[PDB]
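Below sits a lone chain in structure tokens, taken as the form deposited in one PDB entry.
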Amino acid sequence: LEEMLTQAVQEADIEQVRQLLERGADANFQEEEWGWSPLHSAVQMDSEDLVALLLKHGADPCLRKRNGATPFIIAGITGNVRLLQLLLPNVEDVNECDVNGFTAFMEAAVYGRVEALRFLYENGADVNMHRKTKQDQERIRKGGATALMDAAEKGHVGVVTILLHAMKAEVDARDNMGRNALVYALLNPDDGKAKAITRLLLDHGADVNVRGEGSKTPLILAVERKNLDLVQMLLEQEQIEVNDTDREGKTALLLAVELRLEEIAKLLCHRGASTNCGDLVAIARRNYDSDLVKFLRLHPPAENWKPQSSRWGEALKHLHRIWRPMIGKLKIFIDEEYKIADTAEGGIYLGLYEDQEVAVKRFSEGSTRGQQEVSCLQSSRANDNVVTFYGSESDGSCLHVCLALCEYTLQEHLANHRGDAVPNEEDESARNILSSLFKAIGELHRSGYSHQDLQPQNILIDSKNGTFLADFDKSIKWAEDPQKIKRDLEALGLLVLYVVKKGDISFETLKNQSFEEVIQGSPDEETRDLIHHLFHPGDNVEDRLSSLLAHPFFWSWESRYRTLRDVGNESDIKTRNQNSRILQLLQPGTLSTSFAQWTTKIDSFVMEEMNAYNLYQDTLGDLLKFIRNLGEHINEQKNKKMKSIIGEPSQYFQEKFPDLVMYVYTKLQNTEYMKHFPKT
């Protein structure tokens, strides 16, 4: 309303800029997003009188914006030379600069403003001055460039010629990296202008063995340019070092052959390039360049690269060996030897991404499934049980998403390890796989995605038994539809049974069972109870996966036995105090379980020495008291024939009483006696 009123200095309606400071407006007010003044914005705009009128009323031409720039320094851009006259007698130093080191003179140069450049020249502008930025852009070797180097790279060949001859400029000045004006010139895409500037620079003495980005020489920048005349112009100078290399060990001539440039290559041999830094007749061969193989005849490397994968090892050693073009950071070969699996689109192949072994999922460049795989992958880099995502690269027609390379599918993994477990033993491996999937899906959901198609083909296991989620091309952002989360939790129900039964029941058999059949298929009570909570997670999913990680399904056998004994040691169970708080949680009001008359179901010998004191009753309390008492003494020397008949006590009590830990868990679940549960 107030100072925003002289938005009118932008409308260039000067009667509204005249009048509305007539009522009072701070011509030096600076909007502080970027610090522009009316007097700044007038010179960028180039107006005789919008400038003169603000000058007319005390607006100072040296106030700086965020960039650090003056109305003088930006007046070097517009190139208007008595806009510079109207504010020349108001400038302390004609070589004032902005925060990045730019003087009025240096910016007449980058914008080709020739009349501006000579007016500032004979009023004391330093043509040779290097740019002085802040120290955080100096400890990375920026700054130090001259006016000459930006007249160079921007192609102002008119502005360049005047600097070397009329203005004394320093041709072989370097910037803080070491580049001279020369390398700036050969980064200009304009072929004509790049040719003219470099001939002007060279004949005044630019060092032609400087280096630039990539450690390339000027000659290597000419070759990668595919430009015949710069290669010959540069070699016309007889101190050129032909066999110099970039950071990657390639000489100019090696690239000359690689990129199928016959005559470019022919002159660098004719001028002393090395015929021995690589296999150069092999490269011209595979480039179908008959005339260049022909001439290269008339005038090896041992190999370490270890793949980390064992299954894919020998296929990836081979792909390291063969020559392939790069698709970005990615080396790939569509061939059946490197094929991992078939997709609806493109399949998945092996790969080398920045020399790391990867799996490559190939999508068509437009495909919706691809864009949906990538976004979800991008929200999951913090999810430790999602396959690591290295990055995408597209060849303009086909998108390659590159992922951490794994060894086996969950289904393959369960097959290869079906025989490692004694029939009569604890399945720790099932708990590990399934707990990783709970976390993986839990984190996926907190990140706002639902997978929508989990099944053992999408679950990956790597060289060290980690399990990973993969294949997110059917995923959805679930915020717009929060009840769709429930399909991930039914699939998890199916997978809990899939893994507990060790792969014996195919996943597709399960996908055709009703919920109630799969529950009956559960082998034990912990498992049936867990699956139930995955099929009925509530209109209240929230984060039901995290709490289930505390289910007794995930308790070891030692932990289960420990909890049963620790409850059994509470004071009121040993004294059989039925009005206690613990006994009223476990057995209030009067059956129907596997441990009613539990005294009946343990063998009569073991029952008799436990009555080395009335006696034990058909109480759940007394059965926990029992477990505690035998727990503390099963190993003592008087009781070796007890120990022999019980077997391992944890297994004994669980298989004789299948529902017991689930019952105790259920009764103590949200009570102080939770403290006896194992740590989660």
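Numbers follow the displayed sequence, beginning with 1. If you superpose the two forms and keep the largest set of C-alpha atoms that fall within 1.5 Å, you have the rigid core.
J.: For residue 589, do at least a third of the other compared PDB entries give no atomic coordinates?
T.: Yes, residue 589 lacks coordinates in at least a third of the other compared entries that model both of its neighbours.
J.: Could you tell me whether residue 613 lacks coordinates in at least a third of the other compared entries whose models cover its neighbours on both sides?
T.: It is, since residue 613 is left out of at least a third of the other entries that model both flanking stretches.
J.: According to the PDB entry, how many deposited residues between residue 304 and residue 305 are absent from the model (none, 1 to 3, 4 to 9, 10 or more)?
T.: The entry leaves nothing out here.
J.: Does the deposited sequence hold unmodelled residues between residue 613 and residue 614, and if so, how many: none, 1 to 3, 4 to 9, or 10 or more?
T.: The entry leaves 10 or more residues without coordinates here.
J.: Averaging CA B factors per stretch from the PDB record, which one is higher: 31-39 or 622-630?
T.: Per the PDB record, 31-39.
J.: Looking at the deposited entry, does 143-151 or 319-327 carry the larger mean Cα B-factor?
T.: In the deposited entry, the stretch with the higher C-alpha B-factor mean is 143-151.
J.: Can you tell me which of 172, 395, 453, 407 has the highest Cα temperature factor in the record?
T.: Max CA B-factor in the entry, restricted to 172, 395, 453, 407: 172.
J.: When the CA B-factors of 487, 299, 528, 413 are compared as recorded in the entry, which is the largest?
T.: That would be 299.
J.: In terms of the chain's CA B-factor thirds, is residue 606 lowest, middle or highest?
T.: Middle third - that is where residue 606 ends up once the chain's C-alpha B-factors are sorted.
J.: Tell me, lowest, middle or highest third: where does the Cα B factor of residue 637 rank within its chain?
T.: Ranked within chain, residue 637 CA B lands in the middle tercile.
J.: Among the modelled residues of this chain, does the Cα B factor of residue 465 put it in the lowest, middle or highest third?
T.: CA B-factor rank for residue 465: lowest third.
J.: Lowest, middle or highest third of the chain for the C-alpha temperature factor of residue 647?
T.: As the PDB entry reports it, the C-alpha B-factor of residue 647 lands in the lowest third of its chain.
J.: Please rank the C-alpha B-factors of the chain's modelled residues and tell me whether residue 511 sits in the lowest, middle or highest third.
T.: Middle third by C-alpha B-factor.
Below, we turn to the form deposited in another entry, even though it does not appear here.
J.: Against the rigid core, a Cα displacement of 2 Å or more between the shown form and the other one applies to just one of 93, 337, 542, 428. Which?
T.: With the rigid core superposed, the residue that stands out is 542.
J.: Assuming the CA distance changes by 3 angstroms or more, are residue 540 and residue 446 closer together or farther apart in the other form compared with the shown structure?
T.: Those two alpha carbons end up closer in the other form.
J.: By 3 Å or more, the Cα spacing of residue 541 and residue 662 differs in the other form; is it closer or farther than in this view?
T.: More distant in the other form, by 3 Å or more.
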